[PDB]
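Order of appearance sets the numbers: ligands from 1, and atoms from 1 within every ligand. In what follows, chains carry the letters A, B, and so on, assigned in the order in which the sequence lines appear, proteins first and then strands, with residues in each chain numbered from 1.
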Amino acid sequence: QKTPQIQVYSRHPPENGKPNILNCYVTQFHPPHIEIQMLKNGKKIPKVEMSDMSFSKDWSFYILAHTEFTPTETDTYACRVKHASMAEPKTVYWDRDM
Amino acid sequence: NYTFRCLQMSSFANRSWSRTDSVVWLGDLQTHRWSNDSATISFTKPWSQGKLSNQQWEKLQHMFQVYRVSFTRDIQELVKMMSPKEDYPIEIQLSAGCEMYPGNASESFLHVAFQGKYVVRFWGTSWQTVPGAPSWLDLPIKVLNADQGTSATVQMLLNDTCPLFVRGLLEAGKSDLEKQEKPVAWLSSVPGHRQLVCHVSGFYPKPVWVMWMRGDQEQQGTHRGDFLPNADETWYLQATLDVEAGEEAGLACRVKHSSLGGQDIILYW
Ligand SMILES: *[C@@H]1O[C@H](CO)[C@@H](O[C@@H]2O[C@H](CO)[C@@H](O[C@@H]3O[C@H](CO[C@H]4O[C@H](CO)[C@@H](O)[C@H](O)[C@@H]4O)[C@@H](O)[C@H](O[C@H]4O[C@H](CO)[C@@H](O)[C@H](O)[C@@H]4O)[C@@H]3O)[C@H](O)[C@H]2NC(C)=O)[C@H](O)[C@H]1NC(C)=O
Ligand SMILES: *[C@@H]1O[C@H](CO)[C@@H](O[C@@H]2O[C@H](CO)[C@@H](O)[C@H](O)[C@H]2NC(C)=O)[C@H](O)[C@H]1NC(C)=O
Ligand SMILES: CCCCCCCCCCCCCCCC(=O)O
Ligand SMILES: *[C@@H]1O[C@H](CO)[C@@H](O)[C@H](O)[C@H]1NC(C)=O
């Protein structure tokens with residue numbers, strides 16, 4: 001059992017009011033069963049696309065989730081992960097630079 | 001030097017629930033997917049059939065179709081046999097394929113992990129446990145090796161089918177494998193020492209150089225992050241530099257990448 005690492009970053013330079021794509025890359029976890037959500041102001045984004053799960057040379061699993069988004073300076077965005085290795089969901093916020 | 005990797009992930013939760021999903025990679029590009037939900041393998045590239053005729057592809061797929069059902073029943077049987085020492089849930093992963101070289105191009109591999117630990121490989125003409133694997137695998141592997149037909153097929157697939165197919169793939173997918181996508185960069189920081197961050201996104205292929213400079217002098221504290229994938233088969237990388245406030249002036253992030261052709265990105269703080 002390995003705990004997932006979560007990295008959240010944008011596809012393009014984040015410019016306020018301009019449509020973009022936010023990525024949530026979840027890696028280094030085992031077993032493969034996982035639930036990933038992306039949040040806008042703490043609320044689940046319904047349209048989220050997920051890559052096929054895969055695994056690395058060390059046998060740990062990884063997956064990419066992404067969703068369309070428009071940064072502003074009034075909305076927060078996060079990726080939230082539920083996995084057996086952790087007693088509670090892990091949420092990581094997009095830091096507005098990444 | 002391309003590696004072709006077929007990755008199988010099988011989960012067995014109990015006797016009435018299991019799934020097997022596969023993804024196939026040529027270097028860092030996905031070429032096939034096969035979900036437990038689908039009857040047939042899906043192409044993720046227009047060129048994913050490589051140089052195989054419709055008929056040869058159909059035969060290869062039929063073999064994988066039979067294999068997927070057989071594999072499932074075999075593991076279910078291996079558990080019945082070995083239980084209680086090994087019971088559900090169970091995760092099995094298989095990594096199989098070949099790596100192509102110059103001249104006559106290849107080495108093949110088939111590695112198997114149980115519960116996330118590498119335990120078995122196919123090598124030479126038979127399955128073998130790797131040194132340090134648990135002794136309960138002894139009988140299952142003897143039972144598996146008793147299937148001479150499977151061994152012959154696996155040897156063929158690894159020694160002959162895999163390199164031939166991959167030669168055709170490299171040929172048919174040449175334009176994509178050699179595509180050039182340009183990075184875009186932008187700067188940021190968090191506010192007394194500031195961490196400066198140079199973000200580079202949208203580049204393909206993976207090799208890139210990113211560095212903080214002050215004129216022509218390289219900033220040795222430049223720390224490169226991991227390569228992170230974008231969903232559109234391009235890459236993302238960031239490079240950071242710890243600085244003292246009132247020192248950012250003069251600093252610049254320089255980006256070199258094959259797609260730029262001499263027109264490096266240089267972004268001044
Ligand atoms: C797919 O490709 C694999 C290689 O990746 C082939 O595997 C080889 O298969 C051959 C024959 O089936 C094996 O050759 C035999 O080697 C024995 C010694 O093996 C050891 O020593 C060598 C180094 O010399 C090591 O590489 C190897 O790992 C072992 O440690 C010999 O003792 C054998 O000779 C005896 O048998 C033959 C008949 O079979 C007689 O003619 C001889 O007189 C003698 O009695 C034999 O030479 C070889 O070991 C395998 N290689 C490996 C690395 O395991 C598969 O055969 C191939 N399959 C297909 C269908 O292409
Ligand atoms: C993965 O796919 C397999 C094969 O399509 C499914 O296996 C069947 O499961 C049903 C219903 O539970 C059984 O009654 C059948 O006998 C199984 N068929 C074979 C040939 O294996 C399986 O349900 C799928 N797994 C999941 C979790 O959806
Ligand atoms: C032992 C594999 C050697 C490779 C043989 C060539 C097959 C190329 C086609 C790739 C599609 C296979 C999809 C993965 C199936 C699986 O492993 O369950
Ligand atoms: C088997 O596992 C599945 C998947 O978690 C579960 O839904 C089901 O309740 C389990 N029990 C059985 C034996 O069906």
Residue that, paired with B:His32, satisfies ring-ring contact (aromatic ring centres under 6.0 Å, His included) out of B:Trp57, B:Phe64, B:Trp47, B:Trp25: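 Single ring-ring contact (aromatic ring centres under 6.0 Å, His included) partner of B:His32 among B:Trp57, B:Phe64, B:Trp47, B:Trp25: B:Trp57.
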Proximal protein residues to ligand 1, non-hydrogen atoms under 4.0 angstrom: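 Residues within 4.0 Å of ligand 1: B:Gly124, B:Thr125, B:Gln155, B:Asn159.
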Hey, is the main chain of [Y] close enough, under 3.5 Å, to the side chain of [X] for a donor-acceptor pair?
X	Y	value
B:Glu244	B:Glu247	no
B:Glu181	B:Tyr204	no
B:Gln93	B:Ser10	no
A:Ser10	A:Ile21	no
B:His199	A:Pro13	no
B:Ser48	B:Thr31	yes
B:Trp212	B:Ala239	yes

Exercise: do B:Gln155 and B:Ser151 side chains pair donor with acceptor under 3.5 Å: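 Distance-only check passes for B:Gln155 and B:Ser151.
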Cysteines B:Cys253 and B:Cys198 with SG distance under 2.5 Å: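 Yes - the two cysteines, B:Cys253 and B:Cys198, have SG atoms within less than 2.5 Å of each other.
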N/O separation below 3.5 Å, B:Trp17 to ligand 4: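 The answer is no, given that B:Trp17 and ligand 4 share no N or O pair closer than 3.5 Å.
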Where ligand 4 meets B:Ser16 - atom numbers and elements under 4.0 angstrom, heavy-atom basis: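 Answer, ordered by atom number: 12 (C), 13 (C), 14 (O).
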Element-labelled atoms of ligand 4 that are located less than 4.0 Å from some non-hydrogen atom of B:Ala13: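 Contacts of ligand 4 toward B:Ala13, numbered from 1: 2 (O).
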Exercise check, heavy-atom protein proximity under 4.0 Å to atom 9 (O) of ligand 4: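 Protein heavy atoms within 4.0 Å of atom 9 (O) of ligand 4 - there are none.
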Report all N/O contacts between ligand 3 and the protein shorter than 3.5 Å as a table of atom names and distances to 0.1 Å; if there are none, say 'none'.
from: ligand 3; atom 1: 18 (O); to: B:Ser22; atom 2: OG; distance (Å): 3.1

Inter-residue atom distance B:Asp226.CG - A:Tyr25.OH, 0.5 Å rounding: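 That separation rounds to 8.5 Å.
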CA sep, side-chain torsions, deciding dist, call: B:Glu248, B:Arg194, salt bridge (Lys or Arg N to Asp or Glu O under 4.0 Å): CA-CA 8 Å; B:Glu248 309 94 336; B:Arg194 281 211 195 190; 3.4 Å; yes
Atom 11 (N) of ligand 4 - nearest protein heavy atom and its distance: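 Protein heavy atom at minimum distance: B:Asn14 ND2, 2.8 Å.
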